[PDB]
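In: Pasting an experimental structure with its sequence.
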Amino acid sequence: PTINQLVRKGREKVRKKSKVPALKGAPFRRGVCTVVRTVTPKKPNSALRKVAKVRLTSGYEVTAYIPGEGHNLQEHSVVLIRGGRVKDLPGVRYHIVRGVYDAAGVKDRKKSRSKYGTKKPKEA
Amino acid sequence: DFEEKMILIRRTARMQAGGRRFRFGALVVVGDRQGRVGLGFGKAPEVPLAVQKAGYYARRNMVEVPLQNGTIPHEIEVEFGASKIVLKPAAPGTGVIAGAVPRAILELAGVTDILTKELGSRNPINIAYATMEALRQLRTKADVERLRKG
Amino acid sequence: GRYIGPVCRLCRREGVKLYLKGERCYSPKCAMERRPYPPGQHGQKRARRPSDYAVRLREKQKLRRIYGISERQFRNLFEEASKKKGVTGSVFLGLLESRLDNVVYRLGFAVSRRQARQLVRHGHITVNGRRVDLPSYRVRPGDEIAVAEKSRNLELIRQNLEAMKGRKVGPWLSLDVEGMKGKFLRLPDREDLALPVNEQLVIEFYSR
Amino acid sequence: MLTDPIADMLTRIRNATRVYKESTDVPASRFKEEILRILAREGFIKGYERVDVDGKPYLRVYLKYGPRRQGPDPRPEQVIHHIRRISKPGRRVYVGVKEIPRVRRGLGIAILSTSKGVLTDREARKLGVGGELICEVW
Amino acid sequence: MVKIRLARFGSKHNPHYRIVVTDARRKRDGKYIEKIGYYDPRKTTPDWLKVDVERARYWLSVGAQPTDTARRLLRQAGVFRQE
Amino acid sequence: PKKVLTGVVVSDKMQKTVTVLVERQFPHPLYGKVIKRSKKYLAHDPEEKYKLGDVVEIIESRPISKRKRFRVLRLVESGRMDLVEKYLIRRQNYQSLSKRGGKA
RNA sequence: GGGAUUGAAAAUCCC
RNA sequence: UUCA
RNA sequence: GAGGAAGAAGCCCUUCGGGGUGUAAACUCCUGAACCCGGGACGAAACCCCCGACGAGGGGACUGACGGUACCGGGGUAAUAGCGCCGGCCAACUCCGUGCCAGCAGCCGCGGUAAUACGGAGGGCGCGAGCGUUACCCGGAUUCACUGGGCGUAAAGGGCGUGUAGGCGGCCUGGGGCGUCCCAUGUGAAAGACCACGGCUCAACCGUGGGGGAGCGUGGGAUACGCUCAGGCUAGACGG
RNA sequence: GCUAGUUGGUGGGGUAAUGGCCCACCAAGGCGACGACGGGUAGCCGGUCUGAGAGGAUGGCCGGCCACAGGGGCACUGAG
Ligand SMILES: [K+]
Ligand SMILES: [K+]
Ligand SMILES: [K+]
Ligand SMILES: [K+]
Ligand SMILES: [K+]
Ligand SMILES: [K+]
Ligand SMILES: [K+]
Ligand SMILES: [Mg+2]
Ligand SMILES: [Mg+2]
Ligand SMILES: [Mg+2]
Ligand SMILES: [Mg+2]
Ligand SMILES: [Mg+2]
Ligand SMILES: [Mg+2]
Ligand SMILES: [Mg+2]
Ligand SMILES: [Mg+2]
Ligand SMILES: [Mg+2]
Ligand SMILES: [Mg+2]
Ligand SMILES: [Mg+2]
Ligand SMILES: [Mg+2]
Ligand SMILES: [Mg+2]
Ligand SMILES: [Mg+2]
Ligand SMILES: [Mg+2]
Ligand SMILES: [Mg+2]
Ligand SMILES: [Mg+2]
Ligand SMILES: [Mg+2]
Ligand SMILES: [Mg+2]
Ligand SMILES: [Mg+2]
Ligand SMILES: [Mg+2]
Ligand SMILES: [Mg+2]
Ligand SMILES: [Mg+2]
Ligand SMILES: [Mg+2]
Ligand SMILES: [Mg+2]
Ligand SMILES: [Mg+2]
Ligand SMILES: [Mg+2]
Ligand SMILES: [Mg+2]
Ligand SMILES: [Mg+2]
Ligand SMILES: [Mg+2]
Ligand SMILES: [Mg+2]
Ligand SMILES: [Mg+2]
Ligand SMILES: [Mg+2]
Ligand SMILES: [Mg+2]
Ligand SMILES: [Mg+2]
Ligand SMILES: [Mg+2]
Ligand SMILES: [Mg+2]
Ligand SMILES: [Mg+2]
Ligand SMILES: [Mg+2]
Ligand SMILES: [Mg+2]
Ligand SMILES: [Mg+2]
Ligand SMILES: [Mg+2]
Ligand SMILES: [Mg+2]
Ligand SMILES: [Mg+2]
Ligand SMILES: [Mg+2]
Ligand SMILES: [Mg+2]
Ligand SMILES: [Mg+2]
Ligand SMILES: [Mg+2]
Ligand SMILES: [Mg+2]
Ligand SMILES: [Mg+2]
Ligand SMILES: [Mg+2]
Ligand SMILES: [Mg+2]
Ligand SMILES: [Mg+2]
Ligand SMILES: [Mg+2]
Ligand SMILES: [Mg+2]
Ligand SMILES: [Mg+2]
Ligand SMILES: [Mg+2]
Ligand SMILES: [Mg+2]
Ligand SMILES: [Mg+2]
Ligand SMILES: [Mg+2]
Ligand SMILES: [Zn+2]
């Protein structure tokens, strides 16, 4: 555009949209499980991913992924949300943190223990 | 004498009844680190033959870089296709600040300090040519003198 | 806590012998002697062509693993270097050679740098007369680096300072094997050094 | 109507040297003539001369090039490789002597128009004055 | 009433003052009218007490009122010595 | 120094008061082109001296009324509605742009 | 749940 | 029919 | 810390000849964080008192929360290591388990039996009292482009005019100096940032000194270009 | 599109002091596309982070200014 046009209208700043409306930007947010279930992925995958509909304190009702080999969440578990998508499950934009609240870590896991929140086992 | 650095090797594909029939392309830089570089792009049925052919094409395509103590006499911008390249002179100690493609060319031309920038399309092949051409367009006071002297 | 683990293993990963032990890395046993290929279960297999990145890394890894400095520590120096006037590459090396623990080693009061360090952490060293236990302390030019007045009698001090009797040392240094004192004369130049490292690549690793 | 006579001149020159013309005319004006004095003195152009094409006053600009080259495409090198307008109607560009540009590390030039007359970046620096950054050439 | 007092700089356990001219009501370390000296209580360096006596004399002439500790230092540098 | 501005009187419809239009030129902070902005000041004319088309100097003064901190220092040049007209036309346009239109 | 079929599935067939 |  | 086998056991791998963890460990010698004993701070010299003049000046007395801390001397024990990665980007590979499952996944993508991508193990890479994760800001992003982009077919020329405001404006001369340029000068709090020396054993932290444009105000100056007022001109435009 | 204390005038009241700050009376005026009015959001700054720069983002700690002490209104005392 002409400089006069630029003088006249200027440029428009690029606003970014959040992919994690867990309000207050907040690094994490806690909620209660409303429904614990299984969902099937989209092409080209197949399985029974574990999801949970969480009622957040931010006043939101979003579905969250339950990472890990196995869990212990029912229709009343209080858990902490983390925020992280699951490529295969459209609509799942957050992860449930394992190791906090009613969400047990994952026993037996020995490698990426930090995530999945599993205490270091003693080696005798 | 001459040093060679392989910029990139790709495995292109073509169609025939029956299936795809491949070829390999290779970009090779050749320099004496004394102000002389050459670019060669050789293609062949096999990677080695490709590289070799490339090296061979490179030596046939040389440029005399007006080195002035590890740097370029002046700044220049050259667009080759949709790729643009920016070369800026730099004081010693600066180093060669460039992407892998211009670097390989600059280093073998015997450049030691230079500011650089890849703009537009960053296609290796095309950025490479933009570079050689930038170097090729470099002039010296001595040169400008003979030119405007007349 | 600087590293603290098997060293004649790092020499192996760098394909170049590093003096992390001192007098054993001299007598047919630095492992680099009869077994110079990298560590681990895949050490003798053919090495795939290294990525530009790989090279700039392993290189820095050599230069750092030499002085046994931590990445944090190391990086701060390089930065300080970048800032300062003059060729960052050389200057960076000058600063690295100015670490007390290092000079102590370069003077022969200790065999290796790991040992040179401990001699400093235990006050067995003295800069300009006062005791100093900061291995990262920066020796400026003109400083006298002696041995603890009360540590000259120490067994270990004897051997090293003994084998130092008659044995030229660094052109920027000066050892008075007598009073067990030395003198940081000048900041070494790249020329003064003969390190198996192309600082250029290091500067490039951080350039990224 | 011409909106930027200086830009027009800069262009006639640019355009003519690309086809390697002998001379090339541009409607005369004092200011243009001043630019030319510099181009001439700096050796980008053989020189210039006033003339009267069809009654009206023009300025024959005698272009200049390099020698024939070898290999395919013997076309000589340009003496004027680049010549671009900087300041322009609707976006004039001014500079303080402290803000005068160094075109191609001196291998090039920049013509400013100052209250002390039209001068190259060096001349300007010398009399320590800035002005409208007319254009650059190299 | 404007005063001449000590403003605190330096760090924890490392006090370093600034002999200052400032309105009585300012914070201790607030914006002052002028700096007229500096003082290091621990005498960590040879130069641990400087005072633009000429300026000091100026503010007194106009009404500056020195802290007791401030008056002490000003005198040590003969701000009052009339001999 | 009390500021002194220059402008054209575009109004006399007030008792002892005139509206002076003042233009200002300057390079644009970002796009550099010299742009021209302007403001209207209500100046004090005690003896109803100045009139439309007058180019006057205006000087910073002690308040005289809300929104009226300037007095007419002097007359630069008499009548010249070329400017008053320009301003009047400008405002004329406004008549259009809204819910309706309005012939150009 | 399983076998048939499949590269493995879906479908289909058989318990 | 779906992945490959 | 130094010395320590052609190299323990155990574990992993194997074309079973062997390879790897690995000088790593045992073990020898050496120094001695911790801890014990003793000494112990600077920060505090004023106010006040005496002499002298309630002044200037010598003199004098009181006063430490931090703290029995810092630091100093003596003695003195080998004394925490974790976390994330290893398909490509991206430094780092091999066996078993599992068979579109269980699961991984920043993007591209892995898993339907021989997975360097899932889980474990052995190795390895990277950091290290920390390492990962999530959230947010700038960068890369010339991906709002002033520096520094575009619109025939990739988003993208308004369906076409007319024309208001506005933006822009041939050639020559003169006046004025608005823009522009040049000196000088006043502002521009400290701190921060930059530079140089300094104080805590170093550093972090801190002090002193040095430089500081820009932005505005003021005074003076220049007049090529832009602006403005005057006059002139025909090559733009418009008439006959 | 906005505006009647709205815009200005004369005379008053008031204050340390200018002023539609407030009042009486007289004019009919003032602002707006160079975005008035309206809606949203928000204390501003020295500076901080980032960036080659131009920019972009930001205003914790420390320093400067402002505003407020459950929400609204109001004066008294006083140099304030
Ligand atoms: K081109
Ligand atoms: K001790
Ligand atoms: K269209
Ligand atoms: K003139
Ligand atoms: K009144
Ligand atoms: K802001
Ligand atoms: K800001
Ligand atoms: Mg812009
Ligand atoms: Mg969230
Ligand atoms: Mg799909
Ligand atoms: Mg799949
Ligand atoms: Mg994420
Ligand atoms: Mg290939
Ligand atoms: Mg040449
Ligand atoms: Mg292009
Ligand atoms: Mg692109
Ligand atoms: Mg440097
Ligand atoms: Mg042009
Ligand atoms: Mg050109
Ligand atoms: Mg420009
Ligand atoms: Mg009137
Ligand atoms: Mg009034
Ligand atoms: Mg007057
Ligand atoms: Mg209207
Ligand atoms: Mg079907
Ligand atoms: Mg599938
Ligand atoms: Mg050992
Ligand atoms: Mg002992
Ligand atoms: Mg004392
Ligand atoms: Mg004390
Ligand atoms: Mg007496
Ligand atoms: Mg007495
Ligand atoms: Mg007391
Ligand atoms: Mg790799
Ligand atoms: Mg993983
Ligand atoms: Mg398998
Ligand atoms: Mg694997
Ligand atoms: Mg992976
Ligand atoms: Mg695996
Ligand atoms: Mg640490
Ligand atoms: Mg970004
Ligand atoms: Mg940008
Ligand atoms: Mg974008
Ligand atoms: Mg642009
Ligand atoms: Mg584009
Ligand atoms: Mg289409
Ligand atoms: Mg299109
Ligand atoms: Mg289209
Ligand atoms: Mg069209
Ligand atoms: Mg149409
Ligand atoms: Mg004109
Ligand atoms: Mg100034
Ligand atoms: Mg300043
Ligand atoms: Mg300041
Ligand atoms: Mg020091
Ligand atoms: Mg300072
Ligand atoms: Mg005329
Ligand atoms: Mg009012
Ligand atoms: Mg306006
Ligand atoms: Mg708010
Ligand atoms: Mg950038
Ligand atoms: Mg940028
Ligand atoms: Mg504050
Ligand atoms: Mg309130
Ligand atoms: Mg209240
Ligand atoms: Mg009172
Ligand atoms: Mg009162
Ligand atoms: Zn070794």
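Out: Thanks, I have it. Numbers count the residues shown, from 1 in each chain, chains lettered A, B, ... in the order given. Ligands and ions are numbered 1, 2, ... in the order given.
In: Work out for me the element the most centrally placed residue in chain F sits within.
Out: The centroid of chain F falls nearest to residue F:21 when counting by CA atoms, centre = their mean (1.2 Å). Element membership for residue F:21, per DSSP states H and E: strand F:17-27.
In: Give me the residues contacting the next helix or strand after that strand.
Out: Using DSSP H and E, the helix or strand that follows strand F:17-27 in sequence is strand F:34-44. By CB atoms under 8 Å, 6 or more residues apart in numbering or on different chains, the list of residues contacting strand F:34-44 from outside reads A:7, D:92, F:5, F:7, F:10, F:14, F:16-28, F:56, F:58, F:61, F:64, F:67-68, F:70-72. To be clear about C-beta, it is placed using only N, CA and C from the backbone, and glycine gets the same treatment.
In: Report the buried members of those.
Out: Among the contacts of strand F:34-44, those scoring as buried are A:7, F:5, F:7, F:10, F:17-22, F:56, F:58, F:61, F:64, F:70-72 (criterion: 16 or more other CB atoms under 10 Å in any protein chain shown).
In: Show me the helices in the chain, by range?
Out: Chain wasn't specified; assuming chain A. Using DSSP state H, the helices assigned to chain A run over residues A:3-9.
In: wait, chain F
Out: Here chain F has its helices, by DSSP H, at F:81-94.
In: Which residues of it lie near RNA strand I?
Out: Chain F comes close to RNA strand I at residues F:1, F:25-27, F:30-34, F:36, F:82, F:86, F:89-90, F:93, F:104, as judged by CB under 7 Å from any atom of the strand.
In: and which of these is nearest ligand 11?
Out: residue F:30 (52.0 Å; CB to the ion).
In: State the distance from the closest one to residue D:131.
Out: As for residue F:30, its distance to residue D:131 is 22 Å (criterion: CB to CB, to the nearest Å).
In: Which one of the two is surrounded by more residues?
Out: Set residue F:30 next to residue D:131 and count neighbours by other CB atoms under 10 Å in any protein chain shown: residue D:131 wins out with 22 against 11.
In: so where does residue C:65 fall, helix or strand?
Out: For residue C:65, the host element (DSSP H and E) is helix C:52-67.
In: Revised request: answer the last question for residue E:37.
Out: Per DSSP H and E: residue E:37 is located in strand E:34-39.
In: Would you list the buried entries among the residues of chain F next to RNA strand I?
Out: The neighbour-count test (16+ other CB under 10 Å) marks F:31, F:33 as buried among the residues of chain F next to RNA strand I.
In: State the number of residues packed around residue B:32.
Out: Close neighbours of residue B:32, defined as other CB under 10 Å, add up to 15.
In: which non-adjacent residue is nearest it?
Out: residue B:2 (5.8 Å; CB to CB, 6 or more residues apart in numbering or on different chains).
In: Confirm for me that the one you found is in contact with residue B:29.
Out: No - assessed by CB atoms under 8 Å, residue B:2 is found out of contact with residue B:29, at 10.1 Å.
In: More neighbours: those two, which one.
Out: Set residue B:2 next to residue B:29 and count neighbours by other CB under 10 Å: residue B:29 wins out with 27 against 15.
In: quick one: the more buried one is in a strand?
Out: Yes - remark: residue B:29 belongs to a strand, assigned using DSSP: H, G, I helix; E, B strand; the rest coil.
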